[PDB]
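Considered here are two forms of the same protein chain, supplied as structure tokens in two stand-alone entries, structure 1 and structure 2.
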Structure 1
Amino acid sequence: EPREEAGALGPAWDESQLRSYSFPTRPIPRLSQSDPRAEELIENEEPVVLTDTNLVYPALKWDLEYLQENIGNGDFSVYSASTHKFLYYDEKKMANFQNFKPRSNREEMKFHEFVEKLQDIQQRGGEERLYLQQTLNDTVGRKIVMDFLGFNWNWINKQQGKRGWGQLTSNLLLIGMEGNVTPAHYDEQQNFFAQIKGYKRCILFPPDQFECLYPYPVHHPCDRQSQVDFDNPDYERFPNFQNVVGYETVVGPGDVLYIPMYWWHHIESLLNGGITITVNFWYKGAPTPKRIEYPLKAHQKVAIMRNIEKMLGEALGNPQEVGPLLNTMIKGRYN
């Protein structure tokens, strides 16, 4: 339902830049950071898009030229795909599954190399696609440390304090090609997704939709991603995917999205809309209370499930025995 930019510059995007999927969605509310309803949503761990935080104001000038000039000669992680659809592997979990080959590999490189791959691809119709995903640190240049220093630390530190969250664990810079998709997954941390350049579509699903989204086993390298291909969903294997309902929004420069911990997210950079730049802020969640309430919340049951899987992997001495044990435990007994 497209936003009109200030100065009559016409709709920022239209519906033809959105991919189409099998499930319905409702909109994540767009609110002011001074609106108490926004504070309610965050405190109840539900998503909201805050339109006026100024969280990353000084990075609103970033583009590829400014960045290439000012970032430094660091190594930037740069992921790859032959399709629009990216797949992250945990390279430590690779010991596990023999019957396995990378199909979206990390390449290390310097920024200018990326800017030139990027723009070479462009001049050859390439379905060959790249995603830069790299922690900001100290190895970055002077003009970028200054920018970063001007982020709205007052606001975000108040949020960490008020919500009782733990420490800021990381801050990634993400630079996407148009059409790029990061398929549905969930993160264990609380997230502020700070949009800087171009437009990203975010479809979220809550923690109680675990059973419709069929993540990989915990020991699999794609731990926490959905096994369901959103473009060609296999309802024979994943029959509850036909009961999935999402929350969605499109965020552009200046918007911040609160992605609550354990919420599923699918993130797509709009078709024909250019390069997208985003920065994220990840925090450890509050510690669990002493006072346990019953019944537990979906995320807590999700946490227990992960733990059963992790323990069983260690007790059996081999993650390939986890499946057969689980199946033996449940058939003819709990169905």
Structure 2
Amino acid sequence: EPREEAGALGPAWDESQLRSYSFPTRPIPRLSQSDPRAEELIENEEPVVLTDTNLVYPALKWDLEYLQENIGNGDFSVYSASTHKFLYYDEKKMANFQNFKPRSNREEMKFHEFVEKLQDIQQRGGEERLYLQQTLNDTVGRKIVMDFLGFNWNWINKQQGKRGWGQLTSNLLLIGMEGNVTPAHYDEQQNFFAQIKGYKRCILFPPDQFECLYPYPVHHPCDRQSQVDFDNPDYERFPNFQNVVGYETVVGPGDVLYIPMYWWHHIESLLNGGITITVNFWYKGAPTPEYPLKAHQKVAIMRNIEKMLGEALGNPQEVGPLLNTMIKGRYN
């Protein structure tokens, strides 16, 4: 049930702003950072929404005007699509799958250019969609530098230390239009996902749902993304998608969602909710040290087999046929 905004400002959102899917879900717990149960969840690599970390407190005032005015003149990656779906793809892997045609295109532009583009679409009633996704770096301006330094490093550094994580590799700034969707995928880093402006519905699946989510081949550009079109699921190709069960929540300004490494996540900016802003915090996982093996360890194993085969056969397109030859009439 949608939370009530302080000062009797009404429900933050309603059901009609959520897209409709074929699978059930249960809620991700929303807890205080001081609550021992929250610590227990993170320790165990289970998702939790923390409501009071103040992780990005200084960024809560961010909006397009403030950012355009202060974020500097560095380049920003902006994806353009004609669909609500922004399927991530790795450009370096495109040569090995000549037949892959991306539904979204990347363009590098200045921030003010991104804003202007957003403005032209609105005014002309265009259907085009943009999604800015850019790692925060040294070209940001002084005020942004001041804001960034004001993030709650004390709290997050302790988390990093307590969990034995590796280094912070980056902070991705995400600015999306209402209705934008990042289709289901998993990342190989730990993530504290800090919501800043607007609302995002986040649907997560544990690593043990690998069999229901059908990730692309490792060498395909959409490595780590699910092949299933959540809007039109092909049960003939992906029969176990009928058994998938998610954990969901809607995060708003001030909320931080722990997205544990290897956990699948599908993220959508609420329909008619305006633009969204998020900053994530990606950390390398702890080192690999006991049976039974965890789901995520089996995932790691499968990825490695795929990678080794690709290298040994000298052509990633030969991976499938060898794998098939290995199992038919033998293990299946």
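Numbers follow structure 1, counted from its first residue as 1. Definition used throughout: the rigid core is the maximal C-alpha set that superposes within 1.5 Å between two forms. Only residues modelled in both forms are compared.
Fit the rigid core and compare the CA positions between the two structures: of 239, 102, 150, 164, just 102 moves by 2 angstroms or more. Once the rigid core is used as the reference frame, the Cα position of residue 127 differs between the two structures by 2 Å or more. For residue 80, the displacement of the CA atom between the two structures, after superposition on the rigid core, amounts to 1.2 Å. For residue 11, the Cα deviation between the two structures after core superposition amounts to 0.5 Å. Displacement of the C-alpha atoms by 2 Å or more across three or more consecutive residues between the two structures, following core superposition, is confined to the runs 100 to 103, 124 to 127.
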